[PDB]
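Colleague: Take a look at this one; I'll ask things after.
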Amino acid sequence: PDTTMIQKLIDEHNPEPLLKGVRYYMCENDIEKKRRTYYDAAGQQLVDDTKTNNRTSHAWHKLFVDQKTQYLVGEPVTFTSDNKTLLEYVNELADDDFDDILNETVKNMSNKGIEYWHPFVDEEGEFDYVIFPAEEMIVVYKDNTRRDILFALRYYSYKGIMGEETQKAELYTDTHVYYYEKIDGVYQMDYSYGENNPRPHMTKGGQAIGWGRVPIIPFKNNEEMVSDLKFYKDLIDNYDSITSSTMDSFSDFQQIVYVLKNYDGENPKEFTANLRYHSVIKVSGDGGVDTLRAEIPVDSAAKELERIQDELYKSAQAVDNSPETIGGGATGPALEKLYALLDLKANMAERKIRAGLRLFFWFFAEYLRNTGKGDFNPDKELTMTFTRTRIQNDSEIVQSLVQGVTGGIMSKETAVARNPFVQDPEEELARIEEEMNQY
Amino acid sequence: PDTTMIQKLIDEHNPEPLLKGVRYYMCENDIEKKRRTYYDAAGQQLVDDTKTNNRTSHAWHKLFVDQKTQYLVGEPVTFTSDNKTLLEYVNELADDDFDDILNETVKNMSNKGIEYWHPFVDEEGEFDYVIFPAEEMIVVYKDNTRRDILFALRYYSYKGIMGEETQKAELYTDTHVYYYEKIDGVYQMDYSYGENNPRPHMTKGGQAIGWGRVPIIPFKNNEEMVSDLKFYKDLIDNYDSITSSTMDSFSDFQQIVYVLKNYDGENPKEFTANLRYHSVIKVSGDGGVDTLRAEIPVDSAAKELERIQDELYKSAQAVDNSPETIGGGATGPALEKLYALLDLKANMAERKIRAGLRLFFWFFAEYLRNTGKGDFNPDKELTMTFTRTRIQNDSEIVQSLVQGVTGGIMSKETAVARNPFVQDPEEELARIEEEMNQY
Amino acid sequence: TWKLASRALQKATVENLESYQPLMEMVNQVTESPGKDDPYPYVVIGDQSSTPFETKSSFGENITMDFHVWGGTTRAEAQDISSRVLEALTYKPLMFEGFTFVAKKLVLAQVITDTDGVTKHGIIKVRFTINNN
Amino acid sequence: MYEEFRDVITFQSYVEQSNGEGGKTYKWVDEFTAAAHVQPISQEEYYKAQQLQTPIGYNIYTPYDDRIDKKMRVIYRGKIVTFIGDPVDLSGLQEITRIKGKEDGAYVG
Amino acid sequence: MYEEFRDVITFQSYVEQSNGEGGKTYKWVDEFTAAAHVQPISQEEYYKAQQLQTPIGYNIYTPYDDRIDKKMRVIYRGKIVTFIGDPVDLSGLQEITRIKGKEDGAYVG
Amino acid sequence: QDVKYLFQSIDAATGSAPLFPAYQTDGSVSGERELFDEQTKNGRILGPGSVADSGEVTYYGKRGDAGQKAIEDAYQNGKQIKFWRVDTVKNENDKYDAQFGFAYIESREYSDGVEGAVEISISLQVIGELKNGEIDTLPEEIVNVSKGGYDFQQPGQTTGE
Amino acid sequence: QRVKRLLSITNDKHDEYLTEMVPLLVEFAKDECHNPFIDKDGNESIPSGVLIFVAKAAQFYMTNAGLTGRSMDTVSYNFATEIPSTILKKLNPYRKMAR
Amino acid sequence: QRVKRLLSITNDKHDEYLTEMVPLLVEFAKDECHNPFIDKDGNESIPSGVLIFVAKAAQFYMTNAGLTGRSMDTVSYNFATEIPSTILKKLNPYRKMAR
């Protein structure tokens with residue numbers, strides 16, 4: 001694609017949506033309000049200098065997400081590969097990386113922004129995923145295939161060591177990802193002729209390889225438009241704003257006006273200086289009527305705000321009351337009950353399995369196919385099993401086991417068996433042996 | 001990097017964010033309000049002298065964090081090393097330091113600020129981590145690799161013994177960390193030519209060694225933007241402000257104005273002195289109307305404040321009712337229930353495992369690789385096991401055991417076994433032996 | 001005799017009137033005639049106690065003019081001019097065409113009353129005789 | 001309320017009298033043209049005596065028009081009158097000439 | 001209302017007559033120039049007798065104008081008339097002379 | 001010594017024709033008042049204008065008197081007529097002087113007598129006085145001009161018969 | 001009235017005099033922010049309260065002063081005082097103009 | 001009225017006299033903070049209440065005093081008192097000017 005063509009595409013697309021999130025994350029946009037304004041003769045709204053711009057945000061997201069990820073990932077019962085060689089590797093680890101990668105990959109896409117992920121080759125050459133803020137360029141496909149966009153470029157200004165700003169644009173190819181620095185502006189970063197650097201997203205055999213996957217295409221907001229972030233976030237966004245506003249509100253939005261009908265003092269140039277010096281305000285002649293500040297609205301505002309805050313939480317609608325909780329009610333379901341916050345996530349997590357997170361497994365199988373065997377599906381080895389499960393509560397089994405041992409032989413294996421942690425009764429044996437030995 | 005270039009980088013970056021936290025921690029910025037102002041003829045806002053600057057803050061953070069760290073760290077079931085030699089050491093301790101270090105390292109990064117951690121060599125040469133307030137310099141990479149910033153410098157003024165202020169800047173290299181004192185300003189602290197002091201972050205073999213890790217890069221606020229601090233902190237920040245404000249409020253914000261429409265006394269120079277002497281305020285002629293204070297707003301403010309205070313608690317947010325608690329409900333889940341505060345942390349704690357705290361283990365494996373063996377992954381010794389778990393309640397098992405012993409042989413081993421504390425039945429044996437002996 | 005000229009002599013008097021600037025300026029038609037009421041000074045001119053008497057005869061060959069002055073109209077003006085000339089002449093006494101001018105025994109009288117308390121008014125009577133009857 | 005006024009008006013002045021002539025000769029000169037406004041007392045219309053008079057002497061209020069009055073005849077409405085009683089601006093937010101008095105006191109010897 | 005008034009015409013008085021000369025000699029002096037305000041006596045305008053009043057006297061109120069009135073001729077905008085009613089600060093914020101009364105006792109002998 | 005006015009008058013003064021004598025006694029009425037003679041002045045306005053205080057005459061008559069009737073006729077006409085006047089005092093017939101004088105036609109009431117010889121009295125009076133107006137002079141010359149001479153000085157001798 | 005009359009009126013005649021007089025007192029006291037009662041340009045403006053008083057007073061005063069316009073000498077003049085207009089202004093009929 | 005008239009007016013003539021008089025009483029009493037009713041410069045300012053009274057009184061007084069301006073001798077003069085203007089000022093028509 002010509003540089004010009006490449007450059008053009010980006011401009012058309014609106015940078016805003018990715019940027020907004022980023023800006024929002026850093027802070028909410030007070031600016032959007034931004035502030036109270038006054039009407040000129042023109043009547044065009046102008047922001048007053050006086051009003052300050054304040055915003056706060058959470059930052060709720062992080063806490064929940066991390067928990068979500070950990071819970072979701074779980075540990076695979078077993079991992080298998082289509083290829084024997086891959087399978088051997090895959091069995092052993094079995095694959096800490098794989099699970100993490102898949103979870104991360106799915107998680108990232110699900111999570112904000114993303115919105116769009118563009119693979120880049122790692123130095124290792126192992127697939128590495130990074131997220132960059134949207135330029136955002138409008139996606140277009142150089143290639144005939146409309147559906148895919150072979151190439152998308154994003155150009156963002158970067159501060160150098162010097163900190164001088166130069167426009168930088170990156171060229172993306174389906175086959176390879178390119179990074180360009182265009183200091184001159186005359187040319188994109190060299191070459192890049194082709195497969196040679198910038199490197200292809202992934203290379204196989206030490207040679208550039210193409211996934212054959214459709215090149216990254218921006219994600220439209222989902223109809224569900226539900227995100228892990230979203231679930232809290234909807235409540236949170238209100239919650240944060242309200243909390244932040246409340247603290248500010250009391251001091252703020254006087255803010256701060258003093259008006260008296262009468263009576264003017266010496267001409268205000270003198271007046272201001274003297275007035276401060278004299279200090280205190282006195283009224284003479286006509287009133288003397290109560291003035292703007294602090295005034296009633298200090299109290300009123302507090303009252304109003306208090307109502308507002310209560311409502312504001314309700315807008316969050318997380319819930320007025322502290323958890324009963326419904327469960328606890330200690331049971332197996334108790335655990336589900338235990339994390340209300342997590343539970344909502346859990347549905348999503350479960351959803352992910354529905355999502356084709358499992359499909360990713362199929363993808364792995366596809367990967368497996370790619371390498372070879374070629375032509376079989378070793379992916380399932382005579383069975384397919386997935387377990388969340390989680391069948392057993394850790395506590396309950398353990399507690400039972402201790403009592404059980406005297407009465408009869410427990411577990412030892414049984415709790416183990418599900419994994420199975422180990423077939424070997426030996427661990428069990430020792431317990432028994434002690435009993436026999438004793439005492 | 002030239003000194004000038006080095007110096008330049010810092011200035012660009014905005015010192016504020018790290019500083020703000022520090023200042024905030026010491027105190028909230030009352031200044032931000034700062035105080036009620038008056039409008040001059042210019043109308044530019046000027047802070048009045050009269051208004052005092054008051055701020056309070058918590059200081060909530062510390063209590064929760066410490067608990068978090070302790071809980072999170074747990075005790076490793078076992079520790080292993082790739083290298084036999086390392087493994088031997090690692091088994092034995094197994095490694096109090098390692099766990100602490102990892103937990104601390106992860107914890108620190110997670111915790112405020114951090115935001116950015118820059119390793120420095122310890123005198124011991126063991127990796128030591130310290131956090132310094134941001135200068136903050138803008139990170140730039142001297143080296144070609146854009147992604148990493150080989151060198152970042154921070155320069156902060158320091159008070160000497162003399163207490164004279166001199167600018168001090170530190171030079172950081174990926175390979176080595178440098179500290180410079182620039183009293184003269186002509187030159188940075190000597191030399192520092194290179195590997196020679198300031199020392200490299202870490203040295204191996206008694207020789208300078210490079211981690212090869214990407215040099216410290218500032219952390220952007222996370223999208224999750226959740227911190228251990230944050231979880232309480234969001235509630236806390238409101239809570240502290242409200243609590244602090246309330247106490248001040250009652251006395252404060254009169255504050256303190258007396259205004260009578262009439263009638264003036266002798267000219268105020270005389271007036272002030274005499275008025276105090278006479279004491280008491282009398283009104284004659286025209287009213288005599290209630291003056292600014294106490295006036296209605298004493299009552300009004302009280303009313304307003306009362307609403308505010310009530311809202312205030314809510315604004316900070318907490319369960320209005322004391323904990324049911326949902327659990328207790330004594331059960332295994334009861335423990336989870338028991339620490340509501342901890343529990344939120346716990347999710348983060350669990351999250352950390354998801355985080356790649358485990359990854360750190362891999363890193364350790366990498367470290368293990370670095371030393372040798374070279375080429376194998378001894379890191380997992382025929383298994384990988386992690387246990388939070390925590391499977392067993394201490395109380396329940398113990399209680400069961402006592403009863404159990406008469407009926408049958410318990411535990412003794414069984415409770416032990418999970419660790420296993422010790423295989424040896426011997427401890428169990430004594431209990432049995434006594435029974436046999438008895439009596 | 002002429003006849004034409006007797007008119008002319010009368011004309012001469014007219015000529016005198018024109019000849020006398022101050023007459024026009026001075027007059028001073030007021031008071032004499034109403035305007036007596038008007039504030040002092042008010043000068044009125046008229047005969048003294050004059051009511052027509054005798055019939056089928058000329059009133060008199062001589063013509064007499066009476067002045068009553070409060071505020072003193074141009075008694076002075078006339079008096080100055082007349083006096084100057086009369087003194088100037090002084091004689092011979094006027095005679096017209098051999099006729100005997102002389103008036104009989106003259107008359108003098110004066111009385112003043114001032115309601116206002118204004119200084120006393122004076123009355124001057126002048127009689128002129130022209131030609132013998 | 002009149003505003004700029006009057007318009008084109010002509011004034012005649014009467015000065016000097018002629019004597020020594022059976023007829024009277026009068027010379028008149030034009031006066032500067034200005035609005036003249038005058039208000040008839042028309043007497044109080046108590047008119048206790050009610051004997052008189054027509055003001056000679058019609059008491060006049062003319063804005064900034066001193067000149068026309070007295071020692072001049074002003075022709076408004078065509079009519080001609082001579083003025084006496086040097087001007088008095090009793091009224092007239094701008095100085096106005098008035099005529100005062102009527103000629104000849106009624107009281108007669 | 002009036003404000004500082006521009007009296008273009010300066011008061012000129014005519015006094016004394018000359019006699020004994022074929023011509024007449026007159027001396028006129030301008031007492032001074034100043035604006036003046038006077039209200040017409042305009043008679044009582046009860047007009048009970050109403051034979052009078054014809055100024056003098058005049059009723060004049062002229063601020064801070066000593067000079068204008070008689071033993072000085074009154075000229076307003078060049079109008080000339082002579083007056084009596086030796087002066088009086090009848091009423092005016094700044095000292096204004098006025099004239100009282102009428103000349104000549106109407107009551108006559 | 002011839003003292004006689006003489007009578008002759010056709011009509012005009014002195015009659016301009018000889019007649020036998022008749023006499024006027026004598027008399028001067030007045031001439032006190034102004035009295036107006038023929039005034040001579042220059043640059044003077046005549047005045048008072050013609051007026052006569054009056055006139056007086058006494059008459060005497062003789063058998064031959066004529067024009068007595070004429071006078072009555074004259075009266076109707078009322079034409080102004082004048083007389084001459086004779087003083088005594090050595091009035092020689094030619095010699096005697098005369099005054100210029102005045103009179104009226106009008107008054108002649110009647111004529112009277114006893115036995116001896118007729119006497120008539122005539123009085124002369126100017127009509128007046130208007131303030132203005134004068135002859136003045138002419139009848140003032142005439143009215144002592146007519147009878148009354150220096151006239152008929154010779155006929156003073158006559159009427160002898 | 002007439003233009004001449006308007007001019008003759010002192011207040012009208014001196015815009016400056018009238019214009020200056022009120023604000024001298026007015027300017028310093030009022031708020032005094034000052035509530036500028038002026039544009040940034042500094043063109044004068046008059047407060048509403050000031051305007052009502054000023055307008056009435058200014059109009060009244062000129063009329064009251066005269067000339068036309070002045071009370072009659074002959075009798076003490078009801079009109080000039082009346083009814084009394086000064087009194088009309090005082091306690092101006094709305095009353096304590098403002099509340 | 002006329003400039004001369006304005007000057008002749010005592011109050012106008014003596015700015016100082018008028019200016020001084022009110023504040024003497026005014027200054028000490030009012031708040032007395034003092035509510036300075038003055039600039040730091042010390043340029044005088046007048047309280048609103050003071051201004052209303054002062055303005056009316058000052059204007060009235062000069063007019064009332066005279067000269068022009070003074071009541072007629074001939075009869076007791078309704079005008080000067082009237083209607084009565086002093087009364088107009090007193091109980092000034094808004095009433096108890098202030099509330």
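In the structure tokens, each chain is lettered A, B, ... as it comes, each chain's residues begin at 1, and ligands are numbered from 1 in order of appearance.
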Considering only C-alpha atoms, return as a PyMOL selection string whatever protein or nucleic-acid residues lie within 12 Å of range 4-8 of chain H, sequence-local ones (same chain, fewer than 3 positions apart) excluded.
Modeller: (chain E and resi 1-6+34-37+61-65+91-96) or (chain G and resi 10-11+17-18+61-62+65-67) or (chain H and resi 1+11-15+59+62-63+65-69)
Colleague: Would you write out those residues with C-alpha atoms, as a PDB file, in the first residue's frame?
Modeller:
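Output contents, as saved in out_27.pdb:
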```pdb
ATOM      1  CA  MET E   1     -32.195  76.007  34.570  1.00  0.00           C
ATOM      2  CA  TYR E   2     -30.472  78.962  33.076  1.00  0.00           C
ATOM      3  CA  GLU E   3     -26.970  78.184  34.162  1.00  0.00           C
ATOM      4  CA  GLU E   4     -24.249  80.672  33.505  1.00  0.00           C
ATOM      5  CA  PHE E   5     -25.911  83.003  31.113  1.00  0.00           C
ATOM      6  CA  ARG E   6     -24.230  84.822  28.329  1.00  0.00           C
ATOM      7  CA  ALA E  34     -24.216  90.302  33.373  1.00  0.00           C
ATOM      8  CA  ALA E  35     -27.188  88.085  32.801  1.00  0.00           C
ATOM      9  CA  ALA E  36     -30.209  88.874  34.859  1.00  0.00           C
ATOM     10  CA  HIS E  37     -33.448  87.185  35.768  1.00  0.00           C
ATOM     11  CA  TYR E  61     -34.247  87.650  40.916  1.00  0.00           C
ATOM     12  CA  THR E  62     -30.791  87.451  39.431  1.00  0.00           C
ATOM     13  CA  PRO E  63     -28.174  85.247  40.920  1.00  0.00           C
ATOM     14  CA  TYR E  64     -24.886  86.712  42.112  1.00  0.00           C
ATOM     15  CA  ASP E  65     -25.532  89.778  40.080  1.00  0.00           C
ATOM     16  CA  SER E  91     -34.719  85.576  46.955  1.00  0.00           C
ATOM     17  CA  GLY E  92     -32.319  83.541  44.940  1.00  0.00           C
ATOM     18  CA  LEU E  93     -29.749  81.014  45.862  1.00  0.00           C
ATOM     19  CA  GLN E  94     -26.936  83.262  44.854  1.00  0.00           C
ATOM     20  CA  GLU E  95     -27.410  86.812  45.897  1.00  0.00           C
ATOM     21  CA  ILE E  96     -30.012  88.265  43.636  1.00  0.00           C
TER      22      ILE E  96
ATOM     23  CA  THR G  10     -29.474  73.279  33.422  1.00  0.00           C
ATOM     24  CA  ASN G  11     -29.682  69.554  33.786  1.00  0.00           C
ATOM     25  CA  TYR G  17     -23.016  68.023  35.333  1.00  0.00           C
ATOM     26  CA  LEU G  18     -26.025  65.825  35.785  1.00  0.00           C
ATOM     27  CA  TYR G  61     -35.351  69.867  39.694  1.00  0.00           C
ATOM     28  CA  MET G  62     -35.013  71.678  36.428  1.00  0.00           C
ATOM     29  CA  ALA G  65     -35.925  75.568  39.611  1.00  0.00           C
ATOM     30  CA  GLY G  66     -37.537  77.412  36.777  1.00  0.00           C
ATOM     31  CA  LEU G  67     -37.226  79.498  34.954  1.00  0.00           C
TER      32      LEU G  67
ATOM     33  CA  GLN H   1     -30.358  75.791  38.006  1.00  0.00           C
ATOM     34  CA  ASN H  11     -24.483  73.071  49.903  1.00  0.00           C
ATOM     35  CA  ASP H  12     -23.148  73.052  46.400  1.00  0.00           C
ATOM     36  CA  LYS H  13     -20.865  75.937  47.110  1.00  0.00           C
ATOM     37  CA  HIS H  14     -19.296  74.168  50.000  1.00  0.00           C
ATOM     38  CA  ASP H  15     -18.736  70.646  48.899  1.00  0.00           C
ATOM     39  CA  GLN H  59     -31.000  69.272  47.876  1.00  0.00           C
ATOM     40  CA  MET H  62     -30.607  74.624  49.834  1.00  0.00           C
ATOM     41  CA  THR H  63     -33.824  75.078  47.951  1.00  0.00           C
ATOM     42  CA  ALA H  65     -33.298  78.003  52.562  1.00  0.00           C
ATOM     43  CA  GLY H  66     -33.535  80.164  49.513  1.00  0.00           C
ATOM     44  CA  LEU H  67     -32.598  82.492  48.298  1.00  0.00           C
ATOM     45  CA  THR H  68     -34.818  82.227  45.332  1.00  0.00           C
ATOM     46  CA  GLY H  69     -36.009  80.081  47.051  1.00  0.00           C
TER      47      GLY H  69
END
```
Colleague: Pull out every residue of chain C sitting within 12 Å of chain F, counting only C-alpha atoms, and send them as a ChimeraX atom specification.
Modeller: /C:1-3,5-14,16,54-64,92-105,127-133
Colleague: Please report the interatomic distance between CA of residue 84 in chain G and CA of residue 20 in chain H in Å with one decimal.
Modeller: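 Those two atoms sit 29.2 Å apart.
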Colleague: Define the interface residues of chain H facing chain B as those within 7 Å, counting only C-alpha atoms, and report them as a PyMOL selection string.
Modeller: chain H and resi 27-34
Colleague: Using only C-alpha atoms, please write the residues we just selected to a file, as a PDB file, in the first residue's frame.
Modeller:
```pdb
ATOM      1  CA  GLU H  27     -18.665  57.620  60.682  1.00  0.00           C
ATOM      2  CA  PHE H  28     -18.494  56.677  64.292  1.00  0.00           C
ATOM      3  CA  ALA H  29     -21.793  55.013  64.841  1.00  0.00           C
ATOM      4  CA  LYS H  30     -22.685  52.862  62.120  1.00  0.00           C
ATOM      5  CA  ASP H  31     -21.444  49.344  62.461  1.00  0.00           C
ATOM      6  CA  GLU H  32     -19.188  50.477  63.797  1.00  0.00           C
ATOM      7  CA  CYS H  33     -16.605  48.130  62.351  1.00  0.00           C
ATOM      8  CA  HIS H  34     -16.248  50.831  61.100  1.00  0.00           C
TER       9      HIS H  34
END
```
Colleague: Running DSSP on the backbone, which parts of chain G land in helix (DSSP H, G or I), as an MDAnalysis selection string?
Modeller: chainID G and resid 3:8 10:13 15:29 48:65 78:81 85:89
Colleague: Tell me which protein, DNA and RNA residues are within 8 Å of residue 46 in chain E, counting only C-alpha atoms, leaving out same-chain ones fewer than 2 positions away, and put them as a list in words.
Modeller: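 Contacts, in chain order: residues 43, 44, 45, 46, 47 and 48 of chain D; 43, 44, 48 and 50 of chain E.
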Colleague: With 9 Å as the cut-off and only C-alpha atoms counted, what is the closest atom pair between each nearby residue of chain H and chain G? Distances in Å to one decimal, ordered by chain and number, as a Markdown table.
Modeller:
```
| residue | atom | partner | partner_atom | distance |
| --- | --- | --- | --- | --- |
| H:1 | CA | G:10 | CA | 5.3 |
| H:2 | CA | G:10 | CA | 6.1 |
| H:3 | CA | G:10 | CA | 7.9 |
| H:37 | CA | G:29 | CA | 6.5 |
| H:38 | CA | G:28 | CA | 7.7 |
| H:39 | CA | G:28 | CA | 7.7 |
| H:43 | CA | G:28 | CA | 8.6 |
| H:44 | CA | G:28 | CA | 8.1 |
| H:45 | CA | G:29 | CA | 5.6 |
| H:46 | CA | G:29 | CA | 6.1 |
| H:47 | CA | G:29 | CA | 6.3 |
| H:48 | CA | G:29 | CA | 7.1 |
| H:51 | CA | G:25 | CA | 7.6 |
| H:56 | CA | G:90 | CA | 8.0 |
| H:60 | CA | G:86 | CA | 7.9 |
| H:63 | CA | G:65 | CA | 8.6 |
| H:68 | CA | G:65 | CA | 8.8 |
| H:69 | CA | G:65 | CA | 8.7 |
| H:71 | CA | G:76 | CA | 6.4 |
| H:72 | CA | G:76 | CA | 5.1 |
| H:73 | CA | G:76 | CA | 8.1 |
| H:74 | CA | G:75 | CA | 7.2 |
| H:75 | CA | G:76 | CA | 6.8 |
| H:76 | CA | G:76 | CA | 7.6 |
| H:77 | CA | G:76 | CA | 4.9 |
| H:78 | CA | G:76 | CA | 6.1 |
| H:79 | CA | G:81 | CA | 4.7 |
| H:80 | CA | G:81 | CA | 6.7 |
| H:81 | CA | G:81 | CA | 8.2 |
| H:82 | CA | G:84 | CA | 5.9 |
| H:83 | CA | G:84 | CA | 4.3 |
| H:84 | CA | G:84 | CA | 6.7 |
| H:85 | CA | G:87 | CA | 5.1 |
| H:86 | CA | G:87 | CA | 7.9 |
| H:87 | CA | G:87 | CA | 7.3 |
| H:88 | CA | G:87 | CA | 4.0 |
| H:89 | CA | G:90 | CA | 5.4 |
| H:90 | CA | G:91 | CA | 8.3 |
| H:91 | CA | G:91 | CA | 7.0 |
| H:92 | CA | G:91 | CA | 3.8 |
| H:93 | CA | G:91 | CA | 2.0 |
| H:94 | CA | G:95 | CA | 2.7 |
| H:95 | CA | G:96 | CA | 5.6 |
| H:96 | CA | G:96 | CA | 7.6 |
| H:97 | CA | G:96 | CA | 5.3 |
| H:98 | CA | G:96 | CA | 6.8 |
| H:99 | CA | G:99 | CA | 7.3 |
```
Colleague: When DSSP is applied to the backbone of this structure, which of chain D are assigned strand (DSSP E)? Write them out as a PyMOL selection string.
Modeller: chain D and resi 11-15+27-31+62-63+73-74+96-97
Colleague: Can those selected residues be exported to a file as a CSV table (one decimal), in the first residue's frame so that it contains N, CA, C and O atoms?
Modeller:
```csv
chain,number,residue,atom,x,y,z
D,11,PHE,N,-40.3,91.7,12.2
D,11,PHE,CA,-40.6,92.6,13.2
D,11,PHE,C,-40.4,94.0,12.8
D,11,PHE,O,-39.5,94.3,11.9
D,12,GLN,N,-41.2,95.0,13.3
D,12,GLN,CA,-41.0,96.3,13.0
D,12,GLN,C,-40.7,97.1,14.2
D,12,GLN,O,-41.2,96.7,15.3
D,13,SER,N,-39.9,98.1,14.2
D,13,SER,CA,-39.7,98.8,15.4
D,13,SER,C,-40.1,100.2,15.3
D,13,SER,O,-40.0,100.8,14.2
D,14,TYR,N,-40.6,100.8,16.3
D,14,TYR,CA,-41.1,102.2,16.3
D,14,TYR,C,-40.2,103.0,17.2
D,14,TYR,O,-40.1,102.7,18.4
D,15,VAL,N,-39.6,104.0,16.6
D,15,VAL,CA,-38.7,104.9,17.5
D,15,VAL,C,-39.0,106.3,17.0
D,15,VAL,O,-39.3,106.5,15.9
D,27,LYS,N,-40.6,106.3,11.7
D,27,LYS,CA,-39.7,105.4,11.0
D,27,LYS,C,-39.6,104.2,11.7
D,27,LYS,O,-39.6,104.1,12.9
D,28,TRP,N,-39.6,103.0,11.0
D,28,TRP,CA,-39.5,101.8,11.6
D,28,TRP,C,-38.4,101.0,11.0
D,28,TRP,O,-38.2,101.1,9.8
D,29,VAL,N,-37.8,100.1,11.8
D,29,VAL,CA,-36.7,99.3,11.2
D,29,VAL,C,-37.1,97.9,11.6
D,29,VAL,O,-37.8,97.6,12.5
D,30,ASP,N,-36.6,96.9,10.7
D,30,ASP,CA,-36.9,95.6,11.0
D,30,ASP,C,-36.1,95.1,12.2
D,30,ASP,O,-35.1,95.8,12.5
D,31,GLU,N,-36.5,94.0,12.8
D,31,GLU,CA,-35.8,93.5,14.0
D,31,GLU,C,-35.4,92.2,13.6
D,31,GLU,O,-35.9,91.6,12.7
D,62,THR,N,-40.4,84.8,26.2
D,62,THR,CA,-39.9,84.2,25.0
D,62,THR,C,-38.6,83.6,25.2
D,62,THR,O,-37.7,84.3,25.7
D,63,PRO,N,-38.4,82.4,24.8
D,63,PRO,CA,-37.2,81.7,25.0
D,63,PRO,C,-36.1,82.4,24.3
D,63,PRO,O,-36.2,82.5,23.1
D,73,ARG,N,-41.1,96.5,17.9
D,73,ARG,CA,-42.4,95.9,17.8
D,73,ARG,C,-42.2,94.6,17.3
D,73,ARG,O,-41.5,94.4,16.3
D,74,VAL,N,-42.9,93.5,17.8
D,74,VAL,CA,-42.6,92.2,17.3
D,74,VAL,C,-43.9,91.9,16.6
D,74,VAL,O,-45.0,92.1,17.1
D,96,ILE,N,-36.3,84.4,29.2
D,96,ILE,CA,-37.3,84.8,28.4
D,96,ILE,C,-37.6,86.3,28.7
D,96,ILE,O,-37.6,86.6,29.9
D,97,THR,N,-37.8,87.1,27.7
D,97,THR,CA,-38.1,88.5,28.0
D,97,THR,C,-39.6,88.6,28.3
D,97,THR,O,-40.4,87.9,27.7
```
Colleague: Near range 110-117 of chain C, counting only C-alpha atoms, which residues have an atom at most 7 Å away, once you skip same-chain residues fewer than 4 positions from it, shown as JSON, numbers by chain?
Modeller: {"C": [121, 122, 123], "E": [105, 106, 107, 108, 109]}
Colleague: Quote the C-alpha RMSD, in Å to one decimal, that results from superposing chain E on chain D by least squares across all C-alpha atoms in order.
Modeller: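 Across all paired C-alpha atoms, the RMSD is 2.0 Å.
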